[PDB]
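In structure tokens, the next block holds one chain alone, the form deposited in one PDB entry.
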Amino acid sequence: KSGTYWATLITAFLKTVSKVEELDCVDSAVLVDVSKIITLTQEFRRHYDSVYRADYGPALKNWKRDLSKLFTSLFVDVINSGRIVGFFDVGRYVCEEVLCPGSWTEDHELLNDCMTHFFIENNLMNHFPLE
């Protein structure tokens, strides 16, 4: 869909997982997709924990300066729904574990822009059918 729609969706998703008190009104379609994405990322994390012992914590301590490297590398050889869900799960992790929940700070905006630019630049909406 629309590039603006996805920019809107990403921000909405990040604000929701960040537990931002202030509700930034969005269409019902956007909320529905935010819901679907949160559920997916939790299923994804469930698989990650079954296969690996490590948390994302260690590698994401320098996220503000390496997150982009991680996203490029995540899609270096191919793009599929599963890696895209992992993409959002990395985002959910940062908002839930690293950053503080309940406030939308400059670091959040940094995360938001990083994810939004990479998503759109790499045509990820083309391989991410929320059906």
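Quick note: we count residues from 1 along the sequence shown, nothing fancier. By rigid core we mean the largest C-alpha set that fits within 1.5 Å across both forms.
From this point on, the text means the form deposited in another entry, which you will not see here.
Of the residues checked (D27, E43, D49, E96), the rigid-core alignment between this form and the one not shown shows a Cα shift of at least 2 Å for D27 alone.
In the other form, the CA atoms of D24 and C95 sit farther apart than in the displayed form, by at least 3 angstroms. In the other form, the CA atoms of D24 and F87 move farther apart by at least 3 angstroms compared with the shown structure.
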